[PDB]
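Asker: how does the following fold in three dimensions:
(chains A and B, ligands or ions: 2)
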Amino acid sequence: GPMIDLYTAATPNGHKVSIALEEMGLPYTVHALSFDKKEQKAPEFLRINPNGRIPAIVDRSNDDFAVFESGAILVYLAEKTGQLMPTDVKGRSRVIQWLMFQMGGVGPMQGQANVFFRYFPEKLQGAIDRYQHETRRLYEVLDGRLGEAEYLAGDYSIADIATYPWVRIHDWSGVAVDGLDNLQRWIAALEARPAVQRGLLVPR
Amino acid sequence: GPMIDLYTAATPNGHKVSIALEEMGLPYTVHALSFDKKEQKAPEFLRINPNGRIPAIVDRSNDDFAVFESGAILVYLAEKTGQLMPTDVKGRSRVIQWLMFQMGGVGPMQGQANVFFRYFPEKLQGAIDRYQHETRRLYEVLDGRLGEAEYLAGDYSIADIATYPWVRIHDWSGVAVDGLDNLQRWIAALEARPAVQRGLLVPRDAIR
Ligand SMILES: N[C@@H](CCC(=O)N[C@@H](CSSC[C@H](NC(=O)CC[C@H](N)C(=O)O)C(=O)NCC(=O)O)C(=O)NCC(=O)O)C(=O)O
Ligand SMILES: N[C@@H](CCC(=O)N[C@@H](CSSC[C@H](NC(=O)CC[C@H](N)C(=O)O)C(=O)NCC(=O)O)C(=O)NCC(=O)O)C(=O)O
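Answerer: Residues are numbered from 1 along each chain as shown, chains lettered A, B, ... in the order given. Ligands and ions are numbered 1, 2, ... in the order given. Take a look at the structure below.
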């Protein structure tokens, strides 16, 4: 079968990896973990990702080598296929920089907006405001960069793939993109890519 | 003279990079930014890091190339020097995985514990508990891995360097390490390293 096993769920972080696999044309096997049944905390899965979160992959071509953390999976797959990250020092670093910005900024902060605005047992408007405002600030950083280049690292790369599934759900998080015309251009460009469309449907 | 300019402050995230440079033996020029004077938001610095945060470096050996995000700086420098990250596929990836775990988990979550426990004007015990509990859960992940391997990726690497400055301040964040014997072993090993001690002194904490 496929050489990549993908452990995932219908979430922004899972969609990063299914989008990348679809863009790269790599076959994969989907393991859709049920958070309802706490399958992401099963010790059989903890052997693959000790953090007990999705996504994770196992590369069957590499002696069943596990890779956890969406950003690390994106780097691993880009380096395996030679796609979606340049090989030169500056070009690869620009991808890694914007990927790290997503991994330490956009994902964590927008995820906390979702917690306080949608999930938390009571409404704490000061915490909601903190994370919605911070996410907007991060979106403004993105927008400025997207006036310098068509995609975050220049050419389209894994940095865009990491960032887009989060920006796509800004309405759920209560964070606006109005006034960020470069970000909106990039949203439209990403949305029009067939591989993005396919990756957003994994898992069903 | 030094060909790396380091823009930093006395904080866990800045210490990751000074520790790495000290371990690598790569000279650098320190630019200690004053948060009180808002130097991290000055236009000149935003041209280096558009996020307006430290750390950032400028590599004077390749046309003043800027690198922002501590984790990206660690990858950039490890690749340049050939140190603190293997070059084979599996060894490189294990380092990147644990580095990402720090960058997306330990740093963000412990940072939020610090905000709510010790900076935010509103005292929100549910938010404090959320982030102290999550930081502890992340420490338990580290502890389990450190029962299988001496350092997070096997050999000591940039992943340990990224993680240690945060773990070191656990008590300040209100998070205990009791019951995490492997993490405690690793804390003692990191604290003993001369380059860790040197890097923790740079720049001459401002925030956490
Ligand atoms: N840094 C990791 C994050 C992976 C991650 O967050 N996985 C989520 C699904 S993505 S859905 C978005 C996700 N939210 C959550 O996981 C909500 C539950 C969580 N336990 C909590 O209390 O915050 C989030 O905010 N992520 C922050 C980020 O990306 O930095 C998961 O498996 N959760 C199951 C669990 O926790 O038991 C990566 O990039 O792969
Ligand atoms: N992902 C970046 C994070 C760098 C970072 O946070 N730098 C801080 C100093 S380290 S001190 C630790 C830092 N806290 C802060 O920066 C507190 C101020 C912030 N604006 C807030 O509201 O949270 C934090 O929690 N970081 C989370 C993480 O590492 O993921 C900074 O320059 N702040 C200036 C500013 O905000 O104006 C990296 O790894 O380089």
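Asker: you'd agree residue A:61 is in a strand?
Answerer: No. Going by DSSP: H, G, I helix; E, B strand; the rest coil, the assignment for residue A:61 is helix, not a strand.
Asker: I'd assumed residue A:3 was in contact with it.
Answerer: Yes. Assessed by Cβ atoms under 8 Å, residue A:61 is found in contact with residue A:3 at 4.1 Å. Heads up, the C-betas are built off the backbone N, CA and C, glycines and all.
Asker: those two: who's more crowded?
Answerer: residue A:3 (15 against 10; other Cβ atoms under 10 Å in any protein chain shown).
Asker: farthest residue from the center of chain A?
Answerer: What lies farthest from the middle of chain A is residue A:122; by Cα atoms, centre = their mean that is 27.9 Å.
Asker: so what does that one have for phi and psi?
Answerer: Dihedral pair for residue A:122: phi -150, psi 160, per degrees, to the nearest 10.
Asker: closest residue of chain A to ligand 2?
Answerer: Per Cβ to the nearest ligand atom, residue A:104 is where chain A lies closest to ligand 2, at 3.2 Å.
Asker: show me what contacts that residue?
Answerer: For residue A:104, the contacting residues are B:69, B:71, B:103, B:104, B:107, B:108, by Cβ atoms under 8 Å, 6 or more residues apart in numbering or on different chains.
Asker: let's see 10 Å
Answerer: Contacts for residue A:104 were tallied using Cβ atoms under 10 Å, 6 or more residues apart in numbering or on different chains; they are A:71, B:13, B:51, B:53, B:69-72, B:100, B:102-105, B:107-108, B:111.
Asker: how about the strands in chain A?
Answerer: Ranges of strands within chain A are A:4-8, A:28-32, A:56-59, A:65-68, based on DSSP state E.
Asker: how many other residues sit next to the residue of chain A found nearest ligand 1?
Answerer: Nearest to ligand 1, among the residues of chain A, is residue A:111, at 2.1 Å (Cβ to the nearest ligand atom). Other residues near residue A:111 come to 18 when the count uses other Cβ under 10 Å.
Asker: name the residues contacting each of residue A:61 and residue A:3.
Answerer: Among the neighbours of residue A:61, those also in contact with residue A:3 (Cβ under 10 Å, 6+ apart) are residue A:80.
Asker: related to what we said a few turns ago, ignoring the adjacent residues along the chain, who's closest to the residue farthest from the centre of chain A?
Answerer: Excluding the flanking residues, the one nearest residue A:122 by Cβ to Cβ, 6 or more residues apart in numbering or on different chains is residue B:126, at 7.3 Å.
Asker: and the longest helix that chain A contains, which residues are buried?
Answerer: Longest helix in chain A, counting residues (DSSP state H): helix A:125-148. Using 16 or more other Cβ atoms under 10 Å in any protein chain shown as the test for burial, helix A:125-148 gives A:127-128, A:130-132, A:134-136, A:138-139, A:141-143, A:145-146.
Asker: circling back: so the residue of chain A closest to ligand 1 sits against residue A:165, correct?
Answerer: No. The pair residue A:111 / residue A:165 is not scored as a contact, 11.6 Å apart, by Cβ atoms under 10 Å.
Asker: what's the overlap in contacts for these two?
Answerer: Taking Cβ under 10 Å, 6+ apart as the criterion, residue A:111 and residue A:165 both touch A:11, A:12, A:13.
Asker: tell me the one among those residues nearest to chain B.
Answerer: The nearest member of the shared contacts of residue A:111 and residue A:165 to chain B, counting by Cβ to the nearest Cβ, is residue A:13 at 9.0 Å.
Asker: was I right to think the closest one contacts residue A:49?
Answerer: No. Here residue A:13 lies out of contact with residue A:49, judged by Cβ under 10 Å, at a distance of 11.5 Å.
Asker: for the strands of chain A, give me CSV that also has distance to ligand 1 and mean neighbour count.
Answerer: Shown next, in CSV, are the strands of chain A (distance: least, Cβ to the nearest ligand atom, whole Å; neighbours: other Cβ atoms under 10 Å in any protein chain shown):
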stretch, distance to ligand 1, mean neighbour count
strand A:4-8, 9, 23
strand A:28-32, 12, 17
strand A:56-59, 8, 24
strand A:65-68, 7, 22
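Asker: tabulate the ones you listed (a markdown table), appending distance to ligand 2.
Answerer: Formatted as a markdown table, these follow (distance: least, Cβ to the nearest ligand atom, whole Å):
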| stretch | distance to ligand 2 |
| --- | --- |
| strand A:4-8 | 24 |
| strand A:28-32 | 29 |
| strand A:56-59 | 21 |
| strand A:65-68 | 18 |
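Asker: and the helices in chain A, which stretches?
Answerer: Using DSSP H, helices in chain A cover A:12-24, A:43-46, A:70-81, A:89-101, A:107-114, A:125-148, A:158-168, A:170-173, A:181-191, A:194-199.
Asker: check contacts around the residue farthest from the centre of chain A.
Answerer: So residue A:122 contacts A:116, B:124, B:126 (Cβ under 10 Å, 6+ apart).
Asker: point out the most buried one among the helices of chain A.
Answerer: When neighbours are counted by mean count of other Cβ atoms under 10 Å in any protein chain shown, the highest per-stretch mean among these falls to helix A:158-168, a mean of 26.
Asker: for that helix, packing partners?
Answerer: Secondary-structure packing of helix A:158-168 (3 or more Cβ pairs under 10 Å, 6 or more residues apart in numbering or on different chains; DSSP states H and E): helix A:12-24, helix A:70-81, helix A:89-101, helix A:107-114, helix A:125-148, helix A:181-191, helix A:194-199.
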